[PDB]
Asker: 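Let me begin by handing over the structure; questions about it come next.
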Amino acid sequence: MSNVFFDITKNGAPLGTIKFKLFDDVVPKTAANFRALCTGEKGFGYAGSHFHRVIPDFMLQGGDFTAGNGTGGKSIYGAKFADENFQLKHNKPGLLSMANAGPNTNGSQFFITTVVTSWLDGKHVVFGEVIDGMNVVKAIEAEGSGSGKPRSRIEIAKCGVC
Ligand code: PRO
């Protein structure tokens, strides 16, 4: 039940570290998946992956470590897993939430919000929150574009539990 972190680089240059708390008491399965993808314990995970879709004033999206473009990724349970619950709302910036392709299609892709996104409530499972490094989140956000195409390669150079 440890917190997790990402060390971020921009075109290979260190940008800083983002630390997160996961809500295991509410969404234990979803939190465990993300934690294990941070440690890399199953032989795959977020290390070396990048943020493929970044939209300023909305969110930063990553986690596709199989295809790097929004079409891939996988969970520690299989290709996909069910929406655990929608108890937690997208009620502030800095929340971790699962990206998906409709109901019960969670894999490894996730997003970090940069604004309140209440319209996503009931559609995406919220499972964690930034506890340090919101300045790094804002730096990544600044590399986005309206289409979501990033202006630079924003990589999770290292990740794990802390
Ligand atoms: O990528 C998108 O735009 C939607 C909204 C956040 C998660 N999936």
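All values below were derived from every heavy atom in this structure, side-chain atoms included, with hydrogens, water molecules and symmetry-related copies excluded. Residue numbers count from 1 along this sequence. As the structure lists them, so they are numbered: ligands from 1, and atoms in each ligand from 1.
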Asker: In terms of ring plane angle, is the pair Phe6 and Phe110 parallel, tilted or perpendicular, where the classes change at 30° and 60°?
Answerer: tilted
Asker: May I have the list of side-chain donor-acceptor pairs in residues 122-133 shorter than 3.5 Å, sequence neighbours left out?
Answerer:
| from | atom 1 | to | atom 2 | distance (Å) |
| --- | --- | --- | --- | --- |
| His124 | ND1 | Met98 | O | 2.8 |
| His124 | ND1 | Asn100 | ND2 | 3.3 |

Asker: Tell me, please, whether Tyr77 has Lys29 positioned over its six-membered ring: NZ or CZ under 6.0 Å from the ring centre and within 45 degrees of its axis?
Answerer: no
Asker: Report the residues that fulfil side chain to side chain contact (heavy atoms under 4.5 Å, CB included) with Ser49, sequence neighbours left out, ordered by chain and then residue number.
Answerer: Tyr46, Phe65, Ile156
Asker: Okay, side chain of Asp64, backbone of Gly70: is any donor-acceptor separation there less than 3.5 Å?
Answerer: yes
Asker: Return a table of N or O atom pairs, ligand 1 on one side and protein on the other, at distances under 3.5 Å, rounded to 0.1 Å.
Answerer:
| from | atom 1 | to | atom 2 | distance (Å) |
| --- | --- | --- | --- | --- |
| ligand 1 | 1 (O) | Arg53 | NE | 2.9 |
| ligand 1 | 1 (O) | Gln61 | NE2 | 2.8 |
| ligand 1 | 3 (O) | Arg53 | NE | 3.4 |
| ligand 1 | 3 (O) | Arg53 | NH2 | 2.9 |

Asker: Output every pair passing ring-ring contact (aromatic ring centres under 6.0 Å, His included) with a member in residues 139-162, not counting sequence neighbours, ordered by first then second residue.
Answerer: none
